[PDB]
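Shown here is one chain on its own, the form solved without the partner chain, set out as structure tokens.
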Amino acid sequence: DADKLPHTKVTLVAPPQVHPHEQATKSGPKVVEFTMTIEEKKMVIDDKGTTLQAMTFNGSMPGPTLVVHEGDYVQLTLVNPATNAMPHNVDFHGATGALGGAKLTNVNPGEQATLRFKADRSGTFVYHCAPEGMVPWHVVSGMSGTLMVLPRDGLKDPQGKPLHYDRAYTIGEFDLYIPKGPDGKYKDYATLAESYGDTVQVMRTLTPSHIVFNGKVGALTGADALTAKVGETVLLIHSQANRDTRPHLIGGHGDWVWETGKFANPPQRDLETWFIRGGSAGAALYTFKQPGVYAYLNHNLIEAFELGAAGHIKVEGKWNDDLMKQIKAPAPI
């Protein structure tokens, strides 16, 4: 049975952190139990006060990252409080059958349901809400996150060597379609339902008004930067459930990258910029060699700097003059 196996509970943590877990494991399959509560709310998504009638898993954008090993069974309890207004569900791209779980988790406000599925394929996978007749709206409103399924003996390079990371960070990139008035000012709506008709008009143009990391412009900049040390190896998980993106680290590289996100395939190395297909999650490894501030962004630079898709990584350590050196500071010709 797929049931009899040990059952364990995981306590989910908010982006950009990832809950504690082991990379390689000497241990057999288990049933990992997770709980997620849906939360509809109006959020401030920029520095000028623009608002979004948003829909979330666990109150954040993106939803939390769930991590298990290849072979485990995922047991998710999805709860939809009576304070919400819309029906919701989940679609795990890492699962097999019934529209990824969506058919078995239709949950109206005040209901809950429990689904179990075998995670028999390795990689980072997107999960998202997908209620019949309104999938694009719930996804674009914030309902997505990642499931990471690690190979039981950890991540490997192309020749089979072991690859380790010291920390993992999870970034969700969201293309947002906030309507504008005649003024040229973004609209504010009193209820979620009221935002609907205008939002679908903007969606159909295919031109986002804002593209943000983790829920807002500047979520991961300045004081909210990601942090690391030179010599530390970081796993950067990047998901985009609806639209393509092309991540890049200014002053760094993707040492080892799975741009399609599936760990059974060999990774590519030394990438300047990688590509995550809308509807998927990818992963990149990097080891910091120089201290200082780094920017992590979508390298359509108008999308990064005008629309919002950019973040910071602040790195501690000692400068290395052999890698890079200013021989002549700026001066008069």
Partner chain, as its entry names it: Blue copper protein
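Numbering follows the first chain given and starts at 1.
- Remark: stretch with higher mean C-alpha B factor among 237-245 and 116-124 is 116-124.
- Across the two stretches, 198-206 and 157-165, the PDB entry reports the greater mean Cα temperature factor for 157-165.
- Between the residues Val67, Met55, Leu301, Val32, the entry's highest C-alpha temperature factor is the one at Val32.
- Taking the deposited Cα B-factors for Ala95, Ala130, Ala225, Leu147, the highest one is held by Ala225.
- Ranked against the other modelled residues of its chain, the C-alpha B-factor of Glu232 as given in the entry falls in the middle third.
- Among all modelled residues in this chain, the alpha-carbon of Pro182 has a temperature factor (C-alpha) in the highest third.
- When the CA B factors of the chain's modelled residues are split into thirds, the value for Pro291 lands in the middle one.
- For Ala219, the recorded CA temperature factor ranks within the middle third of the chain's modelled residues.
- Sort the modelled residues of the chain by CA B factor and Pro87 lands in the middle third.
Beyond the structure shown, there is the form deposited with the partner chain bound, which is absent from this document and is the topic of what follows.
- Distance criterion of 4.5 Å from any heavy atom to the partner chain in the entry with it bound singles out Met86 from the list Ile178, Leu235, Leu155, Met86.
- Shown alone here, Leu163 lies farther than 4.5 Å from the partner chain in the entry with it bound, counting heavy atoms only.
- In the entry with it bound, the partner chain sits within 4.5 Å of a heavy atom of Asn108.
- For a residue to qualify, one of its non-hydrogen atoms must sit within 4.5 Å of the partner chain in the entry with it bound; none of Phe34, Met36 and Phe57 qualifies.
- Residues are counted as partner-facing when one of their heavy atoms sits within 4.5 Å of the partner chain in the entry with it bound; in 127-152 these are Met134, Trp137, in sequence order.
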